[PDB]
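A short write-up of the structure that comes next.
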Amino acid sequence: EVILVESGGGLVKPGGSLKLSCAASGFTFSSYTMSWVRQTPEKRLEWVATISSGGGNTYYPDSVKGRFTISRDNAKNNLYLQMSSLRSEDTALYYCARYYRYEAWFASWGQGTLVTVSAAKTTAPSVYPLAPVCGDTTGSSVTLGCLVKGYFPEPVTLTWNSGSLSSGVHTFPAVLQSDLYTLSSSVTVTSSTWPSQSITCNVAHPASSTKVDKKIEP
Amino acid sequence: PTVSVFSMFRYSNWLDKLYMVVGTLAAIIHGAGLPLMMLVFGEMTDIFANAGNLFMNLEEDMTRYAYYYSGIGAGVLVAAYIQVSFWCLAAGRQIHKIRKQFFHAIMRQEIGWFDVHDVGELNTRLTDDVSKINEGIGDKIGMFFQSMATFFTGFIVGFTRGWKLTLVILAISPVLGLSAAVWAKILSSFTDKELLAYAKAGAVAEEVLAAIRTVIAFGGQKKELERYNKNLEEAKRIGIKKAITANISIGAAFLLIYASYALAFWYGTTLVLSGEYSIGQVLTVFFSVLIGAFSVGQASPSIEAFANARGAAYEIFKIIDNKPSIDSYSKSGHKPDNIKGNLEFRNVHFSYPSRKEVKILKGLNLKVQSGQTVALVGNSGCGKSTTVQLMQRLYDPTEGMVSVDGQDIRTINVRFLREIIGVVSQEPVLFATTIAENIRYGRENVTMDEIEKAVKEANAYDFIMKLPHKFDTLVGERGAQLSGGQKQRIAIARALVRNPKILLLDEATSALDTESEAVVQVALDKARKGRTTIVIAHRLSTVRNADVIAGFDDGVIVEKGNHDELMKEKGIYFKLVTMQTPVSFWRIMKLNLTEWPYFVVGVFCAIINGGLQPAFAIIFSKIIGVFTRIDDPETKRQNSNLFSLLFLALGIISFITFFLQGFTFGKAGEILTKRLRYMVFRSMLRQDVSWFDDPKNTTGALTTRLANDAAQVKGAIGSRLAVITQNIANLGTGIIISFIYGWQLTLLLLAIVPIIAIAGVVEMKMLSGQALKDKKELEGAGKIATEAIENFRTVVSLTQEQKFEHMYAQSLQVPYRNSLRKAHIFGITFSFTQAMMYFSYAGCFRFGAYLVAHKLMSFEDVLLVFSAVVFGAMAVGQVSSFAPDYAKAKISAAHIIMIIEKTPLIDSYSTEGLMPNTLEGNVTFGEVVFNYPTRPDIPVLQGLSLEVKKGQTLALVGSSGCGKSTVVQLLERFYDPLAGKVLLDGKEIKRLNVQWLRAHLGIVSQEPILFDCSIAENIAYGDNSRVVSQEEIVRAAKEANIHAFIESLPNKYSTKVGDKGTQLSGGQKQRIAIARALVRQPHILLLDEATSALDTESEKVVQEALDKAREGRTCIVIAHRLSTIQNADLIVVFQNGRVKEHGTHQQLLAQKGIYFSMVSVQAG
Amino acid sequence: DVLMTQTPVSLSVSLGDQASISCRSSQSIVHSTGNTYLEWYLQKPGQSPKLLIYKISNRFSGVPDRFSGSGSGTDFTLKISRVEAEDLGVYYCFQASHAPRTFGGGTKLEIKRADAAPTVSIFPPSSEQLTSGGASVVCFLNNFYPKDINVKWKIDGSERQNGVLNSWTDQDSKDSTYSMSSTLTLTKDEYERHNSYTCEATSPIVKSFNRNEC
Ligand SMILES: CC[C@]1(O)C[C@@H]2CN(CCc3c([nH]c4ccccc34)[C@@](C(=O)OC)(c3cc4c(cc3OC)N(C=O)[C@H]3[C@@](O)(C(=O)OC)[C@H](OC(C)=O)[C@]5(CC)C=CCN6CC[C@]43[C@@H]65)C2)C1
Ligand SMILES: CC(C)CCC[C@@H](C)[C@H]1CC[C@H]2[C@@H]3CC=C4C[C@@H](O)CC[C@]4(C)[C@H]3CC[C@]12C
Ligand SMILES: CC(C)CCC[C@@H](C)[C@H]1CC[C@H]2[C@@H]3CC=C4C[C@@H](O)CC[C@]4(C)[C@H]3CC[C@]12C
Ligand SMILES: CC(C)CCC[C@@H](C)[C@H]1CC[C@H]2[C@@H]3CC=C4C[C@@H](O)CC[C@]4(C)[C@H]3CC[C@]12C
Ligand SMILES: CC(C)CCC[C@@H](C)[C@H]1CC[C@H]2[C@@H]3CC=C4C[C@@H](O)CC[C@]4(C)[C@H]3CC[C@]12C
Ligand SMILES: CC(C)CCC[C@@H](C)[C@H]1CC[C@H]2[C@@H]3CC=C4C[C@@H](O)CC[C@]4(C)[C@H]3CC[C@]12C
Ligand SMILES: CC(C)CCC[C@@H](C)[C@H]1CC[C@H]2[C@@H]3CC=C4C[C@@H](O)CC[C@]4(C)[C@H]3CC[C@]12C
Ligand SMILES: CC(C)CCC[C@@H](C)[C@H]1CC[C@H]2[C@@H]3CC=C4C[C@@H](O)CC[C@]4(C)[C@H]3CC[C@]12C
Ligand SMILES: CC(C)CCC[C@@H](C)[C@H]1CC[C@H]2[C@@H]3CC=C4C[C@@H](O)CC[C@]4(C)[C@H]3CC[C@]12C
């Protein structure tokens, strides 16, 4: 299978210069056209740049040409996008995508990488346990929460017990307010699980190197 | 005119008719072999371009396609062998039959056919015409059929794959056909254009090299040198223009090929991108149709060669179709049995077909009985030799009827009659075999005892005993090894061994001494009693003892009777008897060191032309790699346009650089050849007459050295520097690039490049044909033809043609076998080097599939390595074929630098020596011995001596070739004698100046020779390094009594005269030779044969200017006519070189000696 | 520029019905090669888009035969037959035939289902947050349908607070339900001032707790 992963996206002040890298494995990188596509916060996709298989031809849309610049390193199997003179409207989620024979333009999309361009300063989150009053049970099941609050910028990772708990989880999308983000998550486990063995809320905020595992307690 | 096509294959049997049909089928198959390869290759590239799917089953499919390539390779191996072998065998066998029949037809020919048609033309037409026929019916026809088959297969495969793309190629395809046709027609050994340019200068060279002694005599070398230089510069100009246009043509061929690639790819990507064709389909179509269109032009020299062969076959077949009026191959005539000698001539009018307007004979009637020795007397011109030739039926008389013992010749056999008549001609010739064969040449079965009997009757056994190999001695050409007397006596024996019934001698004792002629005549009277006899000679010693003597006048036999009958008759015979009572040295670049800028530009352009092949390999690999990558239609469209434009630009660069390289090397080469011809010719002129004596280098070796050196040295200099440089650039860049791109595949392909290059060379050599075939063998065969055409006069008497044709055939039997084996060998080598390409395709792409599968290189890299190393080793083969040989060039350069640095005895540009201000005119020769350098064992002088004073008309009289013109050459510094002393007014000629002597005197040559210009520039050749006045031109003409024949011709002093004066008559050219020397006004004058061909009234008007100008200057006249000898001051008779008598004419007439016998020829 | 406009912006489809989206272009896209390039992409909630028909009426490897495309000139359409819950997201129509490549807006697909009621659960502010001077009460309204629900916080039985924060997950591909969270955030002092906190989903669904700590 084709694996494209991306890296290098972080907060930047307007007018700054960023550089994104996307490593590609599982196919012959030096044979395929590759593109960068971008998804805004209103969730409207927009093409950003395209580069051919040798590195000769590159195509940009009028909006972005001059400021952005795409390149590829065929020896390390890497795709780079250099960005300059950023704007607030260039804040979005960036995907690398690989071209398909029979002429379809984006066959294999990578995972996103989130790029924010604002004056807001980095702010580590505040993780809070959530348990029922005095450990009260709701029958044969227990629902536990975890609240992260007041962070910036958006990307934040939340798991339960390093990913062991995955079946009955409900993470809710982040809500921006006062240049700060708020996110929450719930888990549902049998009554014979949580009071017996404790459940840990793993939170990470790469922007601030924050990483906290908060155990839920009655 | 030319023969029909049905009459070219006239000597074709059932076996030769089968060879041609099967060679034609195999050539068709071989032809269709290549477009099928392009079809498989197009289909194969789709397996590699769609190989990787997001490589399984790539090596299986490349196994199948390796089987396809190897099957086509095997088919082409077998078919190409069959094609070449069978066509060369058909042509070989047919040419053999043609050679034999041609010579056999030349033998069965009327006498005088050779006078009409020169025998250098026969001997040269023989070999040239048979080679020119052979060329056209050989493998050129197989190649023609192969190329037509390639054309049709190409277009059928094209139209079946996709028609839209083939139609576009077909629209530009006639231009491709014309480009290729013009290229190959220009290419087919465009050497005759240079020969046509140099023809005129070679004519001047052959003129001056016919009369080297004459030109040296007048001393006018510089004038002829200016003429040669003018002709030479004209030829140089034509050559420069020819190089310009030939190279422009090659350049436009390449421009068109590359722009064709550009168009094919620009439209083929439109079709691929639209989805209609694939990339393999486009490769298939483009290459198939391009190759078909080029193969049509690869067959254009075949129609040329066939037209030339048709032309030459017309001449040969016409020679073999004519049947003469007399021929020894017809048995119709009756053979008599009871042989009795009886001659009957009556009313015999006959004329020579050569000059039929003149009638020498006006009827002769004669009846001669058995044994009657009949002698015929008369001056030279009545036709005694004509009667001798009339006897053997060399001709037929126009009026009357001739008979021999009752019945006429005209109903009886020519062979039987010819064998029984032993005849000896005036000047015999002897065959260059052993003397035993020579005497055996009388008849078939003669044993050595009869040989000894006949040679002892000829009294020619002494010189047989003194010389080694007494029966094994190979006599030289034309009897040069032995002496004249021995030769004539053994010729008598050769006539006698036939045991004749009628004997006919003609001048049997021309140069014979007393006792040998006596014993010969005694033997002749020992074998005359059973045979009729007719003897013709000048000596009246062997005439007085005959039976009946007769006398010719105006061809008519006027006097008849015995001795005393003509004594009492008191006629002309009475008057006659009343009066009678290693190394090789390299300096070839120094020769061309003056033209350095042309070489700088040329080597630069050659580097670029070598680099043009790897650049194409790279561009081609990249275009095919545009469609093996996963890119969008815009990327593919832009990159395809970029690379099509690069094809076009490479085309333009190729046009310019080909033009320039060809033009600059051609200009340098032509400057070099002009300078070389000039320097060599000036050096030849500066060599004395003693160097020219050598029979190797007298006439032909020097002109062939001029027209060979010209080509050869430019070959060495230009070939070396251009071909080594172009091929180094080409292959070096190809191999380096293909090593950095893939080294395993490169090492595999590096073992196959020798065979691809040599395959190119063998093919191109097949296209040029064969320059020389069985050289040694052709010599062995043609020596017989030479000696049989030269001795024709003798051999028609001897009637030994059959026994000569058999010798020819036997001499042919070795080159025949040799040629059939050579065909079976050449077929194999050609077929193998042709199949090697298909096997190389198969091997390379199987290895390539292996590498691509293990991901050790890309497809584009396999394609680049293949194209640079294999598509670009064919170009090495072509380039290396086109270059002229270096070995022949280097040996030619060795010979040229030998002749150039050659140093002769005396220098012509040397004024050093004794230069006295005054002279006296007295000459004195004493004890002067001269031996020819060519003949060092035979002395022609024995220490002669002389004394000459002012105004002394000194006459020299003797036999022919006894040291008459020797004293001339011994004065004019042609030869310097080994011993002797020559005082010229007390001044030895060896210490004087060499040009002064040749400037003071002036002579007339033995034979007058004039130059290719008007008569004005004939007489104004006599005085050079000086402004010639026309008042002396008309004065000398009036004095020589030629002014009338000049003032009569239109454009009197600008009438262009032929070579040697072939337009005007012998008397006039003898007069204008007298006027040519008259302008010299010499203080010492010589005349050799001043009245050879002149009238009797013209001699008095020639001598009257001499008699008035004899005073003051020493005069020396050598002639045979006594008229100028009676009035001379002193006379010197010679005998084998020795001065016998000298003094005043009266003192020689008082004491009767040998000179008295000289005066006793025809006076009274 | 050529801009694509998709006719329905939201599309509700019963499970088993047929769903037809259409993407009318503006410049009648057709390349110079005579091919017209028009692809459809599907983004399922929380994943990267995925290819669906790389031209008019082709199908990508792995894509069921329910998806079919068909279009001509300047009007193109996509039809799905027998929708399932797995096929649930935003459908974009990309066109790469002209020199700026443009996507469409999108058409959210929503599968209908039997109205369920939330498992509501309320959570009291943690000790850690109270120490820093803050109090946030959190109430999850899990696995309900349809989306439209109202939550009303009651402090001390009467104080209908309004300073809350709400956030909806997207429709779950497994059970087609929704969820959402209601977070009531105030000061530690304004919280301590009261005892009973009630969460009410809207016969409403109530949940509540009584203390500042237990
Ligand atoms: C009987 C002997 C033999 O058949 C001769 C000769 C070589 N053989 C192998 C068969 C062959 C030929 N082409 C092939 C293409 C693919 C696969 C096999 C072959 C060729 C032929 O066409 O015969 C009908 C030929 C080829 C080239 C050649 C002159 C030449 O002979 C006429 N070139 C000299 O420089 C090159 C080229 O530029 C040219 O022709 O210029 C004079 C030539 O372009 C054209 C229009 O041909 C081309 C392209 C085909 C360009 C680059 C290199 N490739 C390699 C050489 C060359 C070719 C046949 C065996
Ligand atoms: C015309 C004379 C001199 C030569 C005869 C031409 C031969 C070689 C021709 C006759 C019929 C031709 C074939 C006709 C049908 C096809 C099928 C197609 O899918 C590939 C080409 C192919 C395979 C052609 C190849 C060339 C071919 C075999
Ligand atoms: C040797 C000469 C006279 C051949 C005649 C030239 C022909 C072959 C040339 C002239 C104009 C060309 C045509 C012009 C228009 C088109 C229409 C298209 O749908 C296919 C190609 C096609 C059909 C071209 C094919 C080649 C063509 C027909
Ligand atoms: C006479 C030689 C040297 C050149 C002749 C060139 C002619 C035959 C070639 C050159 C360019 C070619 C055209 C290239 C472009 C097109 C457009 C295509 O969609 C139809 C075919 C058509 C119309 C081709 C027809 C044939 C064409 C006109
Ligand atoms: C004399 C004949 C055989 C030559 C035919 C003319 C060739 C040289 C001409 C015909 C059409 C031309 C092409 C027409 C259009 C373009 C697009 C441009 O962006 C690159 C050059 C390119 C690709 C041209 C290359 C040269 C070309 C192929
Ligand atoms: C670094 C290396 C591998 C560069 C490769 C150079 C090779 C390809 C060069 C070097 C010497 C060259 C050869 C030198 C001499 C001649 C002899 C002549 O009769 C034909 C050309 C020929 C045969 C040249 C062909 C090209 C050649 C073989
Ligand atoms: C190992 C590397 C350098 C391989 C280079 C290939 C060499 C060995 C090959 C390439 C081309 C070949 C030459 C091609 C043509 C000629 C001309 C002929 O009249 C003599 C053989 C000669 C001179 C060949 C000799 C071998 C040769 C020089
Ligand atoms: C005339 C002489 C030099 C014969 C050379 C023939 C070569 C070129 C031919 C002969 C038979 C061919 C082989 C036939 C069978 C196979 C087996 C397969 O697993 C690999 C390809 C391979 C190995 C072919 C490659 C080319 C091959 C080896
Ligand atoms: C070029 C001509 C004259 C003969 C050369 C034949 C070469 C190219 C052929 C002969 C032997 C062949 C090999 C035969 C079998 C194997 C084994 C395996 O590992 C796959 C490829 C490989 C290695 C083949 C590659 C092609 C090969 C190397």
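All of this is worked out from the model, or read from it or from the source named; no laboratory instrument gave them. Cβ: placed from backbone, ideal geometry, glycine included. Neighbour counts: every protein chain shown.
Here's the yes/no breakdown for (1) surrounded by fewer than 18 Cβ atoms within 10 Å (Cβ to Cβ); (2) on the phi > 0 side of the Ramachandran plot; (3) assigned by TED's automatic domain parsing to the domain that holds B:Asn247:
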site	(1), (2), (3)
B:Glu565	yes, no, no
B:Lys568	yes, no, no
B:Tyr573	no, no, no
B:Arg587	yes, no, no
B:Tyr598	no, no, yes
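Here B:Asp632, B:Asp688 are screened, and the one residue that is farther than 30 Å from B:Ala211 by Cα and not β-branched (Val, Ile, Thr) is B:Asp632.
Exactly one residue among A:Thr159, A:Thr138 is in a strand (DSSP E or B), hydroxyl-bearing (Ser, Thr, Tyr) and either within 9 Å of chain C (Cβ to nearest Cβ) or crowded, with 16+ Cβ neighbours inside 10 Å (or both), and that residue is A:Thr159.
The set of residues in segment A:104-133 that are away from every other protein chain (no Cβ under 13 Å), part of a loop (DSSP other than H, G, I, E, B) and closer than 27 Å to C:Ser48 by Cβ comprises A:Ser118, A:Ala120, A:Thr122. Would you pick out the residues in segment C:17-41 that are over 13 Å from C:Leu88 (Cα atoms) and either of a type in the set (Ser, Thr, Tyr) or surrounded by fewer than 13 Cβ atoms within 10 Å (Cβ to Cβ) (or both)? If the condition is that a residue be over 13 Å from C:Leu88 (Cα atoms) and either of a type in the set (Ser, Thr, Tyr) or surrounded by fewer than 13 Cβ atoms within 10 Å (Cβ to Cβ) (or both), then C:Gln18, C:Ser20, C:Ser22, C:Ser25, C:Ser26, C:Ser28, C:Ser32, C:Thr33, C:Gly34, C:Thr36, C:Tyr37 are the ones that fit.
Annotation: B:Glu233 fulfils all but one of (1) surrounded by 15 or more Cβ atoms within 10 Å (Cβ to Cβ); (2) touching a helix residue (DSSP H, G or I) at 6+ places or on another chain (Cβ under 8 Å); (3) of a type outside the set (S, T, N, Q); the unmet one is (1). For segment C:95-114, the criterion of being touching a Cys at 6+ places or on another chain (Cβ under 8 Å) and within 14 Å of chain A (Cβ to nearest Cβ) is met by at least one residue. Counting only strands (runs of 3 or more DSSP E) that sit wholly inside segment A:164-205, those with at least 3 residues that are within 11 Å of another protein chain (Cβ to nearest Cβ) are A:169-176, A:181-190. Scanning for something basic (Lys, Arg), surrounded by 17 or more Cβ atoms within 10 Å (Cβ to Cβ), closer than 23 Å to B:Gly280 by Cβ and more than 16 Å from ligand 8 (Cβ to nearest atom), does segment B:123-143 turn up at least one residue? No, because not a single residue in segment B:123-143 is basic (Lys, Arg), surrounded by 17 or more Cβ atoms within 10 Å (Cβ to Cβ), closer than 23 Å to B:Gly280 by Cβ and more than 16 Å from ligand 8 (Cβ to nearest atom).
If we only count strands (runs of 3 or more DSSP E) wholly inside segment A:1-93, which ones have 3 or more residues that are of a type in the set (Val, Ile, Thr)? Full working, then the answer.
Details: elements: A:3-7, A:18-25, A:34-39, A:45-51, A:68-73, A:78-83.
So the answer is A:45-51.
When B:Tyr841, B:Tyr816 are checked against the criterion of being more than 16 Å from ligand 7 (Cβ to nearest atom), more than 19 Å from B:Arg478 (Cα to Cα) and in contact with a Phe, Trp or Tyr (Cβ under 8 Å, 6 or more places away or on another chain), a single residue qualifies: B:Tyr841.
The set of residues in segment B:371-408 being part of a helix (DSSP H, G or I) and charged (D, E, K, R) consists of B:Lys384 alone.
Does B:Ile439 count as within 12 Å of B:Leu496 (Cα to Cα) and in contact with a strand residue (DSSP E or B) (Cβ under 6 Å, 6 or more places away or on another chain)? Give the steps one after another, and end with the answer.
Numbers: within 12 Å of B:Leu496 (Cα to Cα): yes; in contact with a strand residue (DSSP E or B) (Cβ under 6 Å, 6 or more places away or on another chain): no.
So B:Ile439 fails the test.
For segment B:880-925, a residue qualifies if it is over 31 Å from the mean Cα position of the chain (by Cα), surrounded by 14 or more Cβ atoms within 10 Å (Cβ to Cβ) and either within 16 Å of ligand 7 (Cβ to nearest atom) or of a type outside the set (A, V, I, L, M) (or both), and the qualifying residues are B:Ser908, B:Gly913, B:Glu920, B:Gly921, B:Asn922, B:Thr924, B:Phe925.
Residues that are among the hydrophobic types (A, V, I, L, M, F, W, C) number at least 3 in the following strands (runs of 3 or more DSSP E) confined to segment B:1061-1164: B:1084-1088, B:1114-1118, B:1130-1135.
So which strands (runs of 3 or more DSSP E) are wholly in segment C:164-214 and hold at least 3 residues that are more than 10 Å from chain A (Cβ to nearest Cβ)?
On the way: elements: C:164-168, C:180-187, C:196-201, C:205-210.
Those strands (runs of 3 or more DSSP E) span C:180-187, C:196-201.
Among the residues in segment B:89-99, are any within 16 Å of ligand 3 (Cβ to nearest atom) and either among the polar types (S, T, N, Q) or assigned to a helix (DSSP H, G or I) (or both)?
Of all residues in segment B:89-99, those within 16 Å of ligand 3 (Cβ to nearest atom) come to none.
No.
Looking at the structure I just gave you, is C:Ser167 of a type in the set (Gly, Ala, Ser), more than 24 Å from the chain's Cα centre (by Cα) and surrounded by fewer than 17 Cβ atoms within 10 Å (Cβ to Cβ)? For C:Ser167, the condition - of a type in the set (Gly, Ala, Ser), more than 24 Å from the chain's Cα centre (by Cα) and surrounded by fewer than 17 Cβ atoms within 10 Å (Cβ to Cβ) - is not met. Considering only residues in segment B:410-452 that are in a helix (DSSP H, G or I) and β-branched (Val, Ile, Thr), the one that is surrounded by the most Cβ atoms within 10 Å (Cβ to Cβ) turns out to be B:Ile435.
Can you list the helices (runs of 4 or more DSSP H) lying wholly within segment B:722-793 that have 3 or more residues being away from every other protein chain (no Cβ under 14 Å), within 16 Å of ligand 6 (Cβ to nearest atom) and farther than 29 Å from B:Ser188 by Cβ?
Working: elements: B:743-749, B:753-768, B:775-790.
Output list reads B:743-749.
Evaluate the following for B:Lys667: is it more than 12 Å from chain A (Cβ to nearest Cβ) and of a type in the set (D, E, K, R)? Yes. Within segment B:260-277, residues that are within 16 Å of ligand 2 (Cβ to nearest atom) have Cβ atoms under 6 Å from residues that are in a helix (DSSP H, G or I) in these pairs: B:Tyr277/B:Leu271, counting only partners at least 6 apart in sequence or on another chain.
Screening B:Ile752 against (1) more than 16 Å from ligand 9 (Cβ to nearest atom); (2) closer than 18 Å to B:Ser880 by Cα leaves a single unmet condition, (1).
Report yes if A:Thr40 is in contact with a strand residue (DSSP E or B) (Cβ under 8 Å, 6 or more places away or on another chain), in the same structural domain as A:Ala107 (by CATH), farther than 30 Å from C:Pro45 by Cβ and not charged (D, E, K, R), otherwise no. Here the answer is no, as A:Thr40 does not meet what is asked.
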